Amino acid sequence: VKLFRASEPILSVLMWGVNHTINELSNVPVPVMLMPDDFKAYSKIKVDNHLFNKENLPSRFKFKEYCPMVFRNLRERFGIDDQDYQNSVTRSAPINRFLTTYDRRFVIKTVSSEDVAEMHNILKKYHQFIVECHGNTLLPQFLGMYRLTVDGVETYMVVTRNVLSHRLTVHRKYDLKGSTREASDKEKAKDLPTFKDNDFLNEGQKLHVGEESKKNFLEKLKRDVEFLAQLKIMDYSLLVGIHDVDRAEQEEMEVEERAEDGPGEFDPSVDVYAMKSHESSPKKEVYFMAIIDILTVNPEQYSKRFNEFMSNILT
Amino acid sequence: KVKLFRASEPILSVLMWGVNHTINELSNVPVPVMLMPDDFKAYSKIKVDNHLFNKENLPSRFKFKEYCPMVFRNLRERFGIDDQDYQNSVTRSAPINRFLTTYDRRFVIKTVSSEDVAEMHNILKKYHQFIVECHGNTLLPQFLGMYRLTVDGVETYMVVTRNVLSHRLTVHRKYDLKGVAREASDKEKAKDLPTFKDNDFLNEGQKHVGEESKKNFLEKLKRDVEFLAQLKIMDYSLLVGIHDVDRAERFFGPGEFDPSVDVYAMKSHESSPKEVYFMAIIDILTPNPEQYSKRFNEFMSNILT
Ligand SMILES: Nc1ncnc2c1ncn2[C@@H]1O[C@H](COP(=O)(O)O)[C@@H](O)[C@H]1O
Ligand SMILES: Nc1ncnc2c1ncn2[C@@H]1O[C@H](COP(=O)(O)O)[C@@H](O)[C@H]1O
Ligand SMILES: Nc1ncnc2c1ncn2[C@@H]1O[C@H](COP(=O)(O)O)[C@@H](O)[C@H]1O
Ligand SMILES: Nc1ncnc2c1ncn2[C@@H]1O[C@H](COP(=O)(O)O)[C@@H](O)[C@H]1O
């Protein structure tokens with residue numbers, strides 16, 4: 001019995017819309033293959049509830065889903081069941097627009113009309129490219145694109161798999177691109193600041209993943225970034241998050257002590273970007289690495305610049 | 001499990017979609033402690049525009065309006081109808097033959113007019129109150145939902161009632177009884193199941209129900225009609241159905257029925273020459289009326305032994 005409670009009406013409408021579209025989708029047979037129209041497709045629903053059901057939702061709102069057949073399939077290819085996805089978004093409000101779902105599995109970006117245009121151009125190729133790699137990629141996994149209308153205003157959203165873990169704590173993160181950058185004193189003030197290229201090198205940080213992994217990683221990064229230049233795309237980043245296993249085990253202990261008054265483990269079928277640090281690492285760690293920001297010097301250039309840098313991070 | 005909304009016309013497919021959509025939406029709405037005045041002036045409107053999506057049974061573009069959903073959900077409850085069953089009955093399979101029934105013959109779907117919907121709003125508060133007071137025990141039509149479909153820019157209003165007739169027992173003759181010169185017409189007398197009238201009944205000599213039933217059913221009919229008269233309504237009929245058992249001759253034997261589903265059904269008295277009767281009031285959305293009640297109420301008391 002879902003109320004769609006949230007801090008803002010926009011979030012209620014998002015919960016409502018993901019709920020409503022996923023249910024509708026489930027009365028729609030699963031196609032043998034996709035069709036070219038499915039990439040021009042969209043659903044539009046428009047609600048006027050007069051003196052009815054207004055405890056949580058506005059009386060009046062609009063929900064558009066772009067290419068709902070393509071993104072259903074995109075979800076299947078990434079191993080996300082539609083009911084799981086729906087539940088992550090509807091059981092309890094997303095919290096942060098840069099939203100996460102209450103359970104941290106899914107990330108919800110507010111985007112621009114441009115971004116949405118860009119999604120459409122690249123969509124045909126992105127699908128095929130997710131197909132021939134079987135979902136094995138460091139690229140953003142796109143699960144849904146939506147336009148919400150509340151109080152006459154329009155908001156564009158894209159849903160992605162969280163790069164970071166849904167359970168394990170991130171103690172330090174970077175945004176990397178590979179260009180001739182630094183996190184501002186304003187950032188450095190945040191609890192968990194987003195650091196950048198020069199911060200990464202300036203502190204000598206390296207990630208000890210182990211060779212069988214460093215290779216499976218750099219081969220992904222290679223297809224991925226060649227695909228991105230081939231599509232003429234630029235300015236993307238490697239998000240790099242670091243979880244210190246031993247420091248978390250202690251944070252836990254201090255969390256249990258307070259209330260009263262396993263470690264380094266993750267499901268690679270959920271924490272899809274996560275690598276254990278090599279037996280020989282100086283610290284017991286977990287990393288999360290994946291490419292972000294591909295909607296929005298040159299492309300052929302960035303590709304190789306970007307690629308050399310990320311290769312040097314690992315060992 | 002997968003509900004396609006395959007139906008004869010696309011308007012029926014919208015109906016299925018709409019009942020499905022509103023009933024689900026409602027399952028997320030708490031059941032309130034009481035209805036409020038606004039519940040009688042409320043509605044849901046939803047407008048669907050699907051481009052190159054989900055167009056196998058549904059139009060790409062259509063509109064669905066549901067009137068006073070909190071009232072009708074309460075009415076359903078008071079009539080002992082579960083929302084999920086109601087939903088399944090409309091939704092599992094297209095309705096059949098405007099005047100439809102759901103594929104399981106449990107619910108009728110009458111197409112009605114703008115002014116009918118207006119008359120409904122006009123009588124809803126009092127009709128609700130009366131259904132409350134008689135504890136759902138009434139011969140009146142049981143209003144389950146009222147809807148407005150918009151398909152092709154054309155608007156169609158619908159009311160769902162409970163079926164008077166059984167949803168399983170074949171009906172072998174039926175009458176429509178009011179109380180002037182009215183009887184089955186020439187071409188009407190010709191169809192598979194004719195709808196005879198007061199004079200075809202009287203001149204058919206047709207009359208056999210337990211004394212208890214005649215007593216309790218007449219206490220029912222009277223209480224209802226004094227209410228239909230108080231509301232300055234008239235022109236309503238009494239739909240009667242006759243089901244002969246022998247003529248029908250694992251399985252549900254002859255003359256067997258679930259009184260909780262077939263709510264108007266009544267078996268013959270021992271003394272009878274062996275039938276099942278179906279009786280309830282119909283057609284009450286149309287505004288002498290006080291005399292229409294007694295004229296109607298007595299022509300009826302003389303068809304029961
Ligand atoms: N089927 C499509 N193909 C390409 N671009 C689109 C498509 N649908 C919407 N867009 C673009 O996405 C942005 C927002 O579209 P709209 O949904 O109409 O608000 C605009 O820049 C549109 O041109
Ligand atoms: N897929 C993702 N998973 C987790 N965090 C993300 C993801 N994409 C973006 N972020 C976060 O958003 C910030 C930059 O993205 P944004 O400002 O929305 O362009 C970074 O500091 C990240 O922590
Ligand atoms: N086993 C441990 N490993 C690392 N730091 C600890 C450990 N136990 C306590 N500390 C730290 O010592 C200080 C005192 O912690 P506590 O024992 O909770 O008062 C805090 O800075 C703790 O984080
Ligand atoms: N509530 C009801 N349950 C079952 N049959 C009904 C009901 N109301 C009307 N009918 C029948 O359906 C037809 C009604 O259509 P009409 O006379 O055009 O309004 C007649 O044949 C009636 O006997």
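One-based numbering along the chain as shown.
Just so you know, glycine gets a Cβ as well, placed from its N, Cα and C.
Looking up B:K110, B:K220, B:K267 in Swiss-Prot shows the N6-acetyllysine annotation sitting on B:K110. With B:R162, B:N163, B:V164 listed by Swiss-Prot as binding ATP, the candidate from B:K174, B:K178 annotated for that site turns out to be B:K174. Given the ranges B:33-39, B:103-109, B:138-144, B:229-235, the record in Swiss-Prot names B:33-39 as region 'Required for interaction with PIP5K1A'.
For ligand 4, the neighbouring recorded positions among B:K63, B:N163, B:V164 are B:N163, B:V164, by Cβ distance under 6 Å. Annotated pair B:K110 (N6-acetyllysine) and B:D283 (GTP binding site), C-alpha to C-alpha distance, rounded: 10 Å. Counting Cβ atoms from all protein chains shown, B:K174 (ATP binding site) has 17 others lying within 10 Å of its own Cβ.
Taking the mean position of the Cβ atoms of B:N163, B:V164, B:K174, B:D283 as the GTP site, the remaining same-chain residues with a Cβ inside 8 Å of that point are B:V108, B:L165, B:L239, B:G241, B:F278, B:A280, B:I282. In the deposited model, 9 residues go unmodelled between B:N97 and B:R98, whose Cα atoms sit 8 Å apart. Between the CA atoms of B:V164 (ATP binding site) and B:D283 (GTP binding site) there is a gap of 12 Å. In the deposited model, 2 residues between B:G179 and B:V180 are left unbuilt, and the Cα atoms flanking this gap sit 7 Å apart. Remark: B:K63 (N6-acetyllysine) has B:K45, B:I46, B:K47, B:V48, B:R148, B:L149, B:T150, B:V151 as non-local neighbours, by Cβ distance under 8 Å and separation of at least 6 in sequence.
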